[PDB]
């Protein structure tokens, strides 16, 4: 019979009058039905979280939460085929992606923040005063309260646990709404929380959509303590306006239009391997993927020729096969949007070096949401498809001649999430990568994520940083305790 993905509030599974289907983009089938949460249940979740902070969870030590985070990760690992299966059904992710990136990084988030919490120090200074007095200043970290987590469909488990792990490390309760397209791993995560014994109310799961549904409810609730959100920058704007009511802290990661910069002195074979991922991993649906590619003129033709052949060899096929490298897009609706941008490219005059259409398989997969890996060329830096985030398996490639030129062009965007630079020149690597106006600037690699380091986006691509202590300070209330130490009295 057909899987139910239910809500999880205050330790209880909760079904709904209103439901909706979970469709797999592999072939357009239904793989589960999902129970939507009304304004009332979200209210129930927020109140259950605040009540949890009045119980066992509110009395946990940091050390106990370290252990909880590790028990969560261990149970996820024990159930990792379950997580893998659900993630692949919801998204169409190839096994090569889900089993090496999504599920392992999703588990590692909990282990990494357990380590960070275990060693987190106390921020402290001593203030000298006159007359031999002094003050000791030390920052006490408390939970914010109940953190609202609105999670995207492109990396469902990974970006969910990227928020949930530090939020729980800091002793918060969470109210989590996964994307309507990707409810599965979030529901399995709730099963894990229940299995290891996380107190009820600590982890709450509400399903639905954004506008006029669970996401809007969370963002508007006056008793939410913070809102974390990854996704469309325009939706970030909407969430921030709702957070304005109670001046709620917000932490945003908001997509982008990221540049790759390839110099003639690069290690060409490593660069091609890396750029095939930066362009087409997850069918180009990573917020960090490149969609603007600048290639130094003397290797531009070689690049285009070799990249077109590499694309021909890219296996776009059954996602469950171990050597498939690209699956469908997330949904028919997103496919429609990406194909509309393929058409805009045509209209703007683009040359198609690869792709530009839809694979035909001759079976049920043709009712799924597939698109070809695509490369365009020939346009100015001002064309719409060169500037506007497409979020599909596509880039525009253009030659450049000088370092000063390519920095200016790379930074000519209102976004600023990520960049990837390829050169073997020592000084140029460091010079160029640091001048990229982005949160993460990779050199001779792409999508290497050190969870201890600051990560986020500039401009329209985000607000704030997470990673390491940047996460622990965001999901914490800091109270500077300032204790005056008096001289002994007569």
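Positions refer to the first chain, counted from 1.
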Using only the Cα atoms and their B-factors as the entry lists them, report which of 359-367 and 312-320 averages higher. 359-367
Quick check on the record: does 329-337 or 115-123 carry the larger mean Cα temperature factor? 329-337
Choose from 421, 63, 440, 37 the residue with the greatest Cα B-factor as stated in the PDB record. 37
Per the PDB entry, which option out of 153, 300, 263, 229 has the greatest Cα B factor? 229
Determine, from the deposited record, the chain-internal third of the Cα B-factor for residue 468: lowest, middle or highest. lowest
Per the entry's values, where does residue 191 land by CA temperature factor relative to the rest of its chain, in the lowest, middle or highest third? middle
Here the Cα B-factor of residue 162, set against its chain, lands in the third termed lowest
Divide the modelled residues of the chain into thirds by Cα B-factor and specify which third, lowest, middle or highest, holds residue 448. middle
Can you tell me whether residue 137 has a C-alpha B-factor in the lowest, middle or highest third compared with the other modelled residues of the same chain? lowest
